[PDB]
>>> print(open('input-v9.txt').read())   # compact mmCIF, C-alpha atoms and all ligand atoms
# COMPACT_ATOMS: atom_id res chain seq x y z
CA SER A 1 -11.64 2.86 9.49
CA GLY A 2 -9.26 1.16 11.96
CA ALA A 3 -6.63 1.79 14.62
CA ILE A 4 -3.52 0.26 16.39
CA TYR A 5 -3.78 -0.26 20.18
CA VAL A 6 -0.41 -0.55 21.94
CA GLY A 7 0.05 0.07 25.66
CA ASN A 8 -1.90 3.22 26.60
CA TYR A 9 -1.94 4.56 23.03
CA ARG A 10 -4.38 4.50 20.08
CA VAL A 11 -2.89 5.22 16.61
CA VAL A 12 -5.38 6.34 13.95
CA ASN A 13 -5.35 8.21 10.59
CA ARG A 14 -5.27 11.92 11.57
CA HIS A 15 -8.01 12.72 8.99
CA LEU A 16 -10.31 10.21 10.80
CA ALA A 17 -9.52 11.27 14.42
CA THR A 18 -12.60 11.74 16.67
CA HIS A 19 -13.40 14.52 19.24
CA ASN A 20 -12.25 12.11 22.01
CA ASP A 21 -8.94 11.50 20.16
CA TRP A 22 -8.23 15.27 20.05
CA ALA A 23 -9.33 15.71 23.74
CA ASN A 24 -6.74 13.04 24.76
CA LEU A 25 -4.05 14.02 22.18
CA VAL A 26 -0.47 12.71 22.72
CA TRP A 27 1.04 13.52 19.30
CA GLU A 28 -0.13 14.37 15.77
CA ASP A 29 1.65 14.95 12.43
CA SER A 30 -0.35 16.31 9.45
CA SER A 31 2.60 15.56 7.10
CA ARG A 32 2.34 11.82 8.09
CA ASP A 33 -1.54 11.63 8.41
CA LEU A 34 -1.05 10.20 11.92
CA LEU A 35 -2.61 11.05 15.32
CA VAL A 36 -1.97 9.21 18.61
CA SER A 37 -4.37 9.56 21.57
CA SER A 38 -4.20 8.11 25.10
CA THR A 39 -6.46 5.26 26.31
CA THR A 40 -7.58 4.01 29.73
CA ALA A 41 -7.51 0.30 28.67
CA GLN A 42 -4.22 -1.47 27.84
CA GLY A 43 -3.53 -2.34 24.16
CA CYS A 44 -1.90 -5.58 23.04
CA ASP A 45 -0.80 -5.02 19.44
CA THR A 46 2.93 -5.53 18.76
CA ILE A 47 4.83 -2.91 16.71
CA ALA A 48 7.45 -4.29 14.24
CA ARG A 49 11.02 -2.92 14.66
CA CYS A 50 12.55 -3.97 11.28
CA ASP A 51 13.15 -2.96 7.63
CA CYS A 52 10.78 -5.57 6.00
CA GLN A 53 9.53 -4.72 2.55
CA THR A 54 6.90 -7.56 2.38
CA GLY A 55 3.76 -8.07 4.44
CA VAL A 56 -0.04 -8.52 4.50
CA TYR A 57 -2.71 -5.78 4.69
CA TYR A 58 -6.41 -5.87 5.56
CA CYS A 59 -8.65 -4.44 2.79
CA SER A 60 -12.22 -3.78 4.19
CA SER A 61 -13.65 -2.95 0.69
CA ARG A 62 -12.99 -6.65 -0.23
CA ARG A 63 -13.21 -8.31 3.32
CA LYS A 64 -9.80 -9.82 2.42
CA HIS A 65 -6.13 -9.77 3.41
CA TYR A 66 -3.60 -9.34 0.58
CA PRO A 67 0.17 -10.11 0.54
CA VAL A 68 2.24 -7.18 -0.91
CA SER A 69 5.79 -5.93 -1.57
CA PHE A 70 6.06 -2.27 -0.44
CA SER A 71 8.60 0.55 -0.84
CA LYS A 72 10.66 1.92 2.16
CA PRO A 73 9.06 4.96 3.95
CA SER A 74 9.55 8.14 1.93
CA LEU A 75 8.11 11.55 0.90
CA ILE A 76 5.40 11.01 -1.73
CA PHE A 77 3.17 13.57 -3.48
CA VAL A 78 -0.51 13.13 -2.56
CA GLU A 79 -3.38 14.86 -4.43
CA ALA A 80 -5.64 17.36 -2.61
CA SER A 81 -8.72 15.99 -0.78
CA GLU A 82 -11.32 17.52 1.62
CA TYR A 83 -8.86 16.87 4.50
CA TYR A 84 -5.63 18.28 3.01
CA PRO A 85 -4.42 20.45 0.11
CA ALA A 86 -1.95 18.85 -2.39
CA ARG A 87 1.30 18.09 -0.45
CA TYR A 88 4.10 15.60 0.20
CA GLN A 89 3.14 13.03 2.82
CA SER A 90 6.21 11.75 4.69
CA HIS A 91 6.96 8.22 6.01
CA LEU A 92 4.66 6.70 3.34
CA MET A 93 5.17 3.21 1.80
CA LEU A 94 3.50 2.18 -1.53
CA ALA A 95 2.41 -1.21 -2.86
CA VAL A 96 0.56 -2.40 -5.98
CA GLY A 97 -2.92 -3.33 -4.76
CA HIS A 98 -6.58 -2.43 -4.29
CA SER A 99 -7.91 0.21 -1.90
CA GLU A 100 -10.84 2.63 -1.50
CA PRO A 101 -11.03 5.68 0.89
CA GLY A 102 -12.90 3.66 3.54
CA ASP A 103 -9.99 1.20 3.70
CA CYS A 104 -7.91 3.78 5.67
CA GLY A 105 -6.99 2.36 9.09
CA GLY A 106 -6.49 -1.19 7.79
CA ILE A 107 -3.36 -2.74 9.30
CA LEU A 108 -0.24 -3.75 7.33
CA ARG A 109 1.71 -6.52 9.17
CA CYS A 110 4.96 -8.45 8.65
CA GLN A 111 6.36 -11.45 10.62
CA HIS A 112 7.59 -9.01 13.35
CA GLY A 113 4.25 -7.26 13.99
CA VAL A 114 2.37 -4.09 12.95
CA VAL A 115 4.15 -2.07 10.22
CA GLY A 116 1.64 0.70 9.54
CA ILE A 117 -1.92 1.61 8.50
CA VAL A 118 -3.60 2.26 5.13
CA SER A 119 -3.56 6.03 4.47
CA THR A 120 -3.65 6.76 0.69
CA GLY A 121 -4.64 5.19 -2.61
CA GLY A 122 -5.57 5.46 -6.25
CA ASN A 123 -4.35 4.30 -9.67
CA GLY A 124 -3.88 0.76 -8.33
CA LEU A 125 -1.38 1.78 -5.63
CA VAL A 126 -2.08 1.60 -1.87
CA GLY A 127 -0.05 3.79 0.51
CA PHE A 128 0.62 2.93 4.19
CA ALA A 129 1.69 5.32 6.95
CA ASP A 130 4.71 3.73 8.69
CA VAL A 131 4.77 3.46 12.51
CA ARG A 132 8.01 1.37 12.99
CA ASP A 133 10.17 4.44 13.70
CA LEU A 134 7.91 5.57 16.64
CA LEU A 135 9.96 3.82 19.33
CA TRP A 136 8.11 5.71 22.13
CA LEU A 137 4.87 3.74 21.37
CA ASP A 138 6.40 0.84 23.45
CA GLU A 139 7.83 2.76 26.42
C1 LIG B 1 -6.85 4.14 0.91
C2 LIG B 1 -7.38 4.98 -0.21
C3 LIG B 1 -7.53 6.35 -0.07
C4 LIG B 1 -8.01 7.12 -1.12
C5 LIG B 1 -8.10 8.63 -1.00
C6 LIG B 1 -6.77 9.22 -0.57
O1 LIG B 1 -5.72 8.75 -0.98
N1 LIG B 1 -6.81 10.27 0.29
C7 LIG B 1 -8.03 10.89 0.83
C8 LIG B 1 -8.04 10.82 2.36
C9 LIG B 1 -6.74 11.40 2.93
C10 LIG B 1 -5.50 10.74 2.31
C11 LIG B 1 -4.21 11.38 2.81
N2 LIG B 1 -3.48 10.64 3.62
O2 LIG B 1 -3.89 12.52 2.47
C12 LIG B 1 -5.58 10.88 0.78
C13 LIG B 1 -8.33 6.47 -2.30
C14 LIG B 1 -8.15 5.10 -2.38
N3 LIG B 1 -7.69 4.35 -1.36
ZN ZN B 2 9.32 -7.03 9.77
>>> encode(input="input-v9.txt", output="C-alpha cells")
Amino acid sequence: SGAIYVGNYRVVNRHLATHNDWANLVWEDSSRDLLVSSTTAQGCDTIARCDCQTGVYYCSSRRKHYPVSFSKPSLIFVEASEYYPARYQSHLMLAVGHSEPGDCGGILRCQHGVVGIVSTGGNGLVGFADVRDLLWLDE
C-alpha cells in the first residue's frame, strides 16, 4: 500500500483505489495502473521533473529502502492478475530488486523528488509507475 500527496491530489495504484478515491476521481488510466483522487487537506510531496535513471525505493516486505538503477518509462508486458488480464502497461520503469504484491504504493525517489510508485514485480524485477510526466499534479 502507499500513495503520493501533492497539492489537492492523492496518487495511488489504480488496482488499490478505495470507494472514496473513485467518488472523488480526477483522472485514472488502467494502462498505467494509476488513479488520482482529490483531497481536502494540502499535500507536501515534491514531484521530480527530470530524466534520472537512479534512485531509492521503499520496500515494505523488508522494512528497507534500496538504491536501484531503473529503465526509462516504456510499454512492458505484464502477466494477468485478478485486477487485469495480460496486457502492456505503459509508462513503467524496471529495476533489479525485491518486491512482493503488498509492496505496491512504495515510493521511488531521486535527488529531485518523487519519481513514481511500485506497481509490478516478479522474477527479481520491480516495476514502478512513472509520475514525472504528469505536469498538472503541480498546478
Ligand atoms: C510489486 C509486486 C507486484 C506483484 C504482482 C504484480 O506484478 N501484479 C499484480 C497486481 C497488479 C499489477 C499490475 N500493475 O498490473 C501486477 C508481484 C511482486 N511484486
Ligand atoms: Zn531526478
>>> atom_distance(input="input-v9.txt", atom1="CA of residue 102 (chain A)", atom2="CA of residue 129 (chain A)")
15.1 Å
>>> atom_distance(input="input-v9.txt", atom1="CA of residue 45 (chain A)", atom2="CA of residue 13 (chain A)")
16.6 Å
>>> closest_atom_pairs(input="input-v9.txt", of="chain A", to="ligand ZN 2 (chain B)", cutoff="9 Å", atoms="all atoms listed in the file", output="Markdown table")
| residue | atom | partner | partner_atom | distance |
| --- | --- | --- | --- | --- |
| A:48 | CA | B:ZN2 | ZN | 5.6 |
| A:49 | CA | B:ZN2 | ZN | 6.6 |
| A:50 | CA | B:ZN2 | ZN | 4.7 |
| A:51 | CA | B:ZN2 | ZN | 6.0 |
| A:52 | CA | B:ZN2 | ZN | 4.3 |
| A:53 | CA | B:ZN2 | ZN | 7.6 |
| A:54 | CA | B:ZN2 | ZN | 7.8 |
| A:55 | CA | B:ZN2 | ZN | 7.8 |
| A:109 | CA | B:ZN2 | ZN | 7.7 |
| A:110 | CA | B:ZN2 | ZN | 4.7 |
| A:111 | CA | B:ZN2 | ZN | 5.4 |
| A:112 | CA | B:ZN2 | ZN | 4.4 |
| A:113 | CA | B:ZN2 | ZN | 6.6 |
| A:114 | CA | B:ZN2 | ZN | 8.2 |
| A:115 | CA | B:ZN2 | ZN | 7.2 |
>>> residues_near_point(input="input-v9.txt", point="(-1.0, 4.4, 15.9)", cutoff="7 Å", atoms="only C-alpha atoms", output="JSON, numbers by chain")
{"A": [3, 4, 5, 10, 11, 12, 35, 36, 131]}
>>> atom_distance(input="input-v9.txt", atom1="CA of residue 90 (chain A)", atom2="CA of residue 62 (chain A)")
27.0 Å
>>> closest_residue(input="input-v9.txt", among="A:100, A:139, A:29, A:82", to="ligand LIG 1 (chain B)", atoms="all atoms listed in the file")
A:100
>>> closest_residue(input="input-v9.txt", among="A:138, A:130, A:33, A:28", to="residue 108 (chain A)", atoms="only C-alpha atoms")
A:130
>>> closest_atom_pairs(input="input-v9.txt", of="chain A", to="ligand LIG 1 (chain B)", cutoff="7 Å", atoms="all atoms listed in the file", output="Markdown table")
| residue | atom | partner | partner_atom | distance |
| --- | --- | --- | --- | --- |
| A:15 | CA | B:LIG1 | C9 | 6.3 |
| A:33 | CA | B:LIG1 | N2 | 5.3 |
| A:78 | CA | B:LIG1 | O2 | 6.1 |
| A:79 | CA | B:LIG1 | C12 | 6.9 |
| A:81 | CA | B:LIG1 | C7 | 5.4 |
| A:83 | CA | B:LIG1 | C9 | 6.1 |
| A:84 | CA | B:LIG1 | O2 | 6.0 |
| A:99 | CA | B:LIG1 | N3 | 4.2 |
| A:100 | CA | B:LIG1 | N3 | 3.6 |
| A:101 | CA | B:LIG1 | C3 | 3.7 |
| A:102 | CA | B:LIG1 | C1 | 6.6 |
| A:103 | CA | B:LIG1 | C1 | 5.1 |
| A:104 | CA | B:LIG1 | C1 | 4.9 |
| A:118 | CA | B:LIG1 | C1 | 5.6 |
| A:119 | CA | B:LIG1 | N2 | 4.7 |
| A:120 | CA | B:LIG1 | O1 | 3.3 |
| A:121 | CA | B:LIG1 | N3 | 3.4 |
| A:122 | CA | B:LIG1 | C14 | 4.7 |
| A:126 | CA | B:LIG1 | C1 | 6.1 |
| A:127 | CA | B:LIG1 | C1 | 6.8 |
>>> residues_near_point(input="input-v9.txt", point="(-1.6, -2.8, -5.7)", cutoff="8 Å", atoms="only C-alpha atoms", output="list in words")
residues 68, 95, 96, 97, 98, 99, 124, 125 and 126 of chain A
>>> closest_residue(input="input-v9.txt", among="A:85, A:2, A:73, A:7", to="residue 107 (chain A)", atoms="only C-alpha atoms")
A:2
>>> closest_residue(input="input-v9.txt", among="A:32, A:87, A:72, A:63", to="residue 117 (chain A)", atoms="all atoms listed in the file")
A:32
>>> closest_residue(input="input-v9.txt", among="A:123, A:86, A:57, A:1", to="residue 17 (chain A)", atoms="only C-alpha atoms")
A:1
>>> residues_around(input="input-v9.txt", residues="residue 8 (chain A)", least_positions_apart="2", cutoff="8 Å", atoms="all atoms listed in the file", output="number ranges by chain")
A: 5-6, 10, 38-43
>>> axis_aligned_box(input="input-v9.txt", around="region 1-13 of chain A", padding_each_side="3 Å", output="lines of an AutoDock Vina configuration file")
center_x = -5.8
center_y = 3.8
center_z = 18.0
size_x = 17.7
size_y = 14.8
size_z = 23.1
>>> closest_residue(input="input-v9.txt", among="A:46, A:89, A:61, A:69", to="residue 34 (chain A)", atoms="all atoms listed in the file")
A:89
>>> build_atoms(input="input-v9.txt", residues="region 40-72 of chain A", atoms="N, CA and C atoms", output="tab-separated table (two decimals), keeping the file's coordinate frame")
chain	number	residue	atom	x	y	z
A	40	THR	N	-7.53	4.49	28.35
A	40	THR	CA	-7.58	4.01	29.73
A	40	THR	C	-7.25	2.49	29.73
A	41	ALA	N	-7.76	1.74	28.74
A	41	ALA	CA	-7.51	0.30	28.67
A	41	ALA	C	-6.16	0.00	28.02
A	42	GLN	N	-5.51	-1.10	28.41
A	42	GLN	CA	-4.22	-1.47	27.84
A	42	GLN	C	-4.38	-2.18	26.48
A	43	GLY	N	-3.57	-1.78	25.50
A	43	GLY	CA	-3.53	-2.34	24.16
A	43	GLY	C	-2.50	-3.44	24.03
A	44	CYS	N	-2.76	-4.41	23.16
A	44	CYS	CA	-1.90	-5.58	23.04
A	44	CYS	C	-1.33	-5.83	21.68
A	45	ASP	N	-1.39	-4.85	20.77
A	45	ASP	CA	-0.80	-5.02	19.44
A	45	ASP	C	0.73	-4.88	19.58
A	46	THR	N	1.46	-5.57	18.73
A	46	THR	CA	2.93	-5.53	18.76
A	46	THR	C	3.40	-4.69	17.59
A	47	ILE	N	4.30	-3.72	17.81
A	47	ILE	CA	4.83	-2.91	16.71
A	47	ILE	C	6.10	-3.58	16.17
A	48	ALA	N	6.23	-3.71	14.84
A	48	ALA	CA	7.45	-4.29	14.24
A	48	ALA	C	8.61	-3.29	14.35
A	49	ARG	N	9.82	-3.76	14.65
A	49	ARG	CA	11.02	-2.92	14.66
A	49	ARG	C	11.97	-3.64	13.67
A	50	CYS	N	11.89	-3.25	12.39
A	50	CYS	CA	12.55	-3.97	11.28
A	50	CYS	C	12.59	-3.09	10.02
A	51	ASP	N	13.18	-3.63	8.92
A	51	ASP	CA	13.15	-2.96	7.63
A	51	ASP	C	12.49	-3.83	6.57
A	52	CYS	N	11.51	-4.72	6.96
A	52	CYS	CA	10.78	-5.57	6.00
A	52	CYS	C	10.20	-4.74	4.88
A	53	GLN	N	10.18	-5.31	3.70
A	53	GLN	CA	9.53	-4.72	2.55
A	53	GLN	C	8.44	-5.66	2.00
A	54	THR	N	8.00	-6.67	2.78
A	54	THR	CA	6.90	-7.56	2.38
A	54	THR	C	6.00	-7.73	3.62
A	55	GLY	N	4.73	-7.89	3.38
A	55	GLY	CA	3.76	-8.07	4.44
A	55	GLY	C	2.38	-8.36	3.91
A	56	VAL	N	1.37	-8.24	4.79
A	56	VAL	CA	-0.04	-8.52	4.50
A	56	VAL	C	-0.88	-7.37	5.03
A	57	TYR	N	-1.82	-6.86	4.22
A	57	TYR	CA	-2.71	-5.78	4.69
A	57	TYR	C	-4.19	-6.17	4.65
A	58	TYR	N	-4.98	-5.61	5.57
A	58	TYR	CA	-6.41	-5.87	5.56
A	58	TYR	C	-7.11	-4.83	4.69
A	59	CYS	N	-7.88	-5.31	3.71
A	59	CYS	CA	-8.65	-4.44	2.79
A	59	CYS	C	-10.18	-4.59	3.10
A	60	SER	N	-10.79	-3.63	3.85
A	60	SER	CA	-12.22	-3.78	4.19
A	60	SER	C	-13.16	-3.79	2.97
A	61	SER	N	-12.83	-3.01	1.91
A	61	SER	CA	-13.65	-2.95	0.69
A	61	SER	C	-13.72	-4.30	-0.07
A	62	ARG	N	-12.94	-5.31	0.35
A	62	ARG	CA	-12.99	-6.65	-0.23
A	62	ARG	C	-13.15	-7.74	0.86
A	63	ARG	N	-13.19	-7.37	2.17
A	63	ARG	CA	-13.21	-8.31	3.32
A	63	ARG	C	-12.09	-9.37	3.13
A	64	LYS	N	-10.91	-8.90	2.72
A	64	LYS	CA	-9.80	-9.82	2.42
A	64	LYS	C	-8.46	-9.26	2.85
A	65	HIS	N	-7.50	-10.17	3.12
A	65	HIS	CA	-6.13	-9.77	3.41
A	65	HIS	C	-5.32	-10.06	2.14
A	66	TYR	N	-4.41	-9.17	1.78
A	66	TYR	CA	-3.60	-9.34	0.58
A	66	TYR	C	-2.11	-9.27	0.91
A	67	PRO	N	-1.30	-10.21	0.37
A	67	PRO	CA	0.17	-10.11	0.54
A	67	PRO	C	0.75	-9.08	-0.48
A	68	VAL	N	1.66	-8.21	-0.05
A	68	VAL	CA	2.24	-7.18	-0.91
A	68	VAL	C	3.72	-6.97	-0.67
A	69	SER	N	4.42	-6.46	-1.71
A	69	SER	CA	5.79	-5.93	-1.57
A	69	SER	C	5.58	-4.41	-1.50
A	70	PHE	N	6.26	-3.70	-0.59
A	70	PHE	CA	6.06	-2.27	-0.44
A	70	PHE	C	7.39	-1.51	-0.38
A	71	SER	N	7.39	-0.24	-0.85
A	71	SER	CA	8.60	0.55	-0.84
A	71	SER	C	8.96	1.02	0.60
A	72	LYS	N	10.24	1.40	0.84
A	72	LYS	CA	10.66	1.92	2.16
A	72	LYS	C	9.98	3.29	2.41
